[PDB]
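The numbers here are math on the coordinates, done by the rules we state, and not lab data. Don't worry about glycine lacking a Cβ; one is built from the backbone with ideal geometry, like all the others, and counts go over all protein chains shown.
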Amino acid sequence: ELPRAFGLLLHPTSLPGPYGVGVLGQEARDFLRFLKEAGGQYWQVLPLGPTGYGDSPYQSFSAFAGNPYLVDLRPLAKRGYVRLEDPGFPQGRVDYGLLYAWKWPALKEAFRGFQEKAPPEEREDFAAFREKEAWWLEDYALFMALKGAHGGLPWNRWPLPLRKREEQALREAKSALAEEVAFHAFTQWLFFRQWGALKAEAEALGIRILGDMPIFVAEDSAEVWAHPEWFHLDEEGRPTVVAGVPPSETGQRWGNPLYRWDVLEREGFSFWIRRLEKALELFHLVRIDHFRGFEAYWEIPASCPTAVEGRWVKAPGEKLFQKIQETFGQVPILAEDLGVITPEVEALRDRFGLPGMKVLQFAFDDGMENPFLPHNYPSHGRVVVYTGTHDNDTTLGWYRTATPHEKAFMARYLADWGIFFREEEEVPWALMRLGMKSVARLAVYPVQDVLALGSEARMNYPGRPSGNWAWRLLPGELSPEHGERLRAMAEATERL
């Protein structure tokens, strides 16, 4: 049963620090301390898998793998395994192109330095790690090695014996890319080691990490390559059908491969169990995006170019949750239940006592019936209230672009709830207060709203080709005063 509490949303890439990206190092511990001192008990992150073109966490090369960019290199550099220099990284922003060019070589150099110089004790735990994680790691490491060797081409575009995973081809590829396979394995060992320490620190400080996973994996991913039967795939490995959302007047065609649920059901939903178990190592709770898919999913033929063409298909959510509940003794899922929802989807979520999402930015476009208005929140309180999501703008940016109706209805509503503001920079704080006063057990706020940043700090702008996933905190930006303001709000709203 969720405690009445508050959290902050921050993806690790946004953390401050050198070498062009936030890493699992001292700055992350600093953030946890701030979160602790501010009286927060929850840290939310976006997916932590390896990113492709477009740098999206929501399109990953592995469901299981950690992001190589989040690995801190400074512990290696202190050991003398690598020498790090700054190529001219921007501050307050991730430049992924510079990062791609510098970090991957940095990681390789570190690996070579480790293999030469590392103590045998270290080299044993790396060796022990590879054997333990082999069930996912072997394929991941090879998928990455093959990808570089095949010039970033998707696995669907690879030569056929490799694509179909014929044993001889697999064996010969591993021998040919054995140094590469070892390297990708090393990146993971570092990742899981560094996150394991970080999670330990959090737990000590009484902080639970909220993870994030998309319901659908990407087409260009190790698991899809590894287990094609699980996916609806043609002989070529091209999806016969693609994930999407029905008409959003156009609808949306995402392109993601859909699961052969029957196959998974036969298998006791093994992929999902493993996926969650791996997530639970990193996280305390796991939000699943497009959670509605578990009830039913919109199936679009791949040949069809638009979202309008497909059909709805029923999915065995009930069964999957029954298996989860029986395996873990619990269903540790936050349901992303935003957008068009059905009584069926609500039925499933409430059956497993799963908490749902609420977003305050959505709340003032309608009338008082609007579900995102606190008074309409369920009494059971199993909801996480957000000022905004990673796909939405910052609250201050939203307030600068919002309609006169929205702005007036908001001010009035706040006023009724006893919340007043004299400035637009105060608006994010007022909205944070509105969520804290609500019945919602958890209120999770992005750091950009704590800082009252404008639209320059938007994590993701849907429909914008560049500049996404790049926002970074500056060192020291999250001042003690910010923390003291949060703590006071939490005392006043009984979230301490």
I'm told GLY339 meets every condition in (1) small (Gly, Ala, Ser); (2) loosely packed, with under 15 Cβ neighbours inside 10 Å; (3) more than 17 Å from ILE215 (Cα to Cα) except one. Can you identify the failing condition by its number? (3)
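Okay, residues lined up against (1) of a type in the set (D, E, K, R); (2) surrounded by fewer than 23 Cβ atoms within 10 Å (Cβ to Cβ); (3) more than 22 Å from the chain's Cα centre (by Cα); (4) within 29 Å of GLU336 (Cα to Cα):
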| site | (1), (2), (3), (4) |
| --- | --- |
| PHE6 | no, no, no, yes |
| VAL45 | no, yes, no, yes |
| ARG79 | yes, yes, yes, no |
| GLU85 | yes, yes, yes, no |
Given segment 353-440, what helices (runs of 4 or more DSSP H) lie entirely inside it while holding 2 or more residues that are of a type in the set (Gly, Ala, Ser) and over 23 Å from the mean Cα position of the chain (by Cα)? 404-416
Answer yes or no: is there a residue in segment 265-281 that is among the basic types (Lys, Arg) and part of a loop (DSSP other than H, G, I, E, B). no
The residue that is surrounded by the fewest Cβ atoms within 10 Å (Cβ to Cβ), considering only those in segment 369-399 that are small (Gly, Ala, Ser) and within 24 Å of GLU423 (Cβ to Cβ), is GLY397
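What do you reckon, is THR394 of a type in the set (S, T, N, Q) and out of contact with any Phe, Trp or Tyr (no Cβ under 8 Å at 6 or more places or on another chain)?
yes
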Filter segment 272-313 for residues that are surrounded by 15 or more Cβ atoms within 10 Å (Cβ to Cβ) and acidic (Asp, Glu); the one that is farthest from the chain's Cα centre (by Cα) is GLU309
Looking at segment 472-496, I want the residues that are on the phi < 0 side of the Ramachandran plot and have a partner that is of a type in the set (S, T, N, Q) with Cβ atoms under 7 Å, at least 6 apart or on another chain. Which pairs are those? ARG472/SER14; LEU473/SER14; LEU474/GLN91
Out of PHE291, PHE352, which single residue is over 30 Å from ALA457 (Cα atoms) and among the hydrophobic types (A, V, I, L, M, F, W, C)? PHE352
Pairs returned, first residue in segment 189-204 that is closer than 13 Å to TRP43 by Cβ, second residue that is among the charged types (D, E, K, R), beta-carbon separation under 8 angstrom, 6 or more apart or interchain, are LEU198/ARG29; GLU201/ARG29; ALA202/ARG208
Considering each of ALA77, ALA63 in turn, give the residue that is part of a loop (DSSP other than H, G, I, E, B), under 22 Å from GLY196 (Cα atoms) and in contact with a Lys or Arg (Cβ under 9 Å, 6 or more places away or on another chain). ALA63
Only one of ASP30, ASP72 is of a type in the set (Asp, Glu) and surrounded by 21 or more Cβ atoms within 10 Å (Cβ to Cβ). Can you tell me which? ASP72
For segment 150-161, enumerate the residues that are buried (at least 16 other Cβ atoms within 10 Å of the Cβ), in a helix (DSSP H, G or I) and out of contact with any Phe, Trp or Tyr (no Cβ under 8 Å at 6 or more places or on another chain). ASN156
What residue, among those in segment 300-345 that are in a strand (DSSP E or B) and not hydrophobic (A, V, I, L, M, F, W, C), is farthest from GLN252 (Cα to Cα)? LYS314
Answer yes or no as to whether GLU484 is assigned to a loop (DSSP other than H, G, I, E, B) and among the charged types (D, E, K, R). no
Within segment 24-40, tally of residues that are within 20 Å of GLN448 (Cβ to Cβ) and either assigned to a loop (DSSP other than H, G, I, E, B) or among the acidic types (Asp, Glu) (or both): 6
So which residues in segment 448-481 are farther than 19 Å from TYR399 by Cβ, of a type in the set (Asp, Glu) and part of a helix (DSSP H, G or I), if there are any at all? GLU481
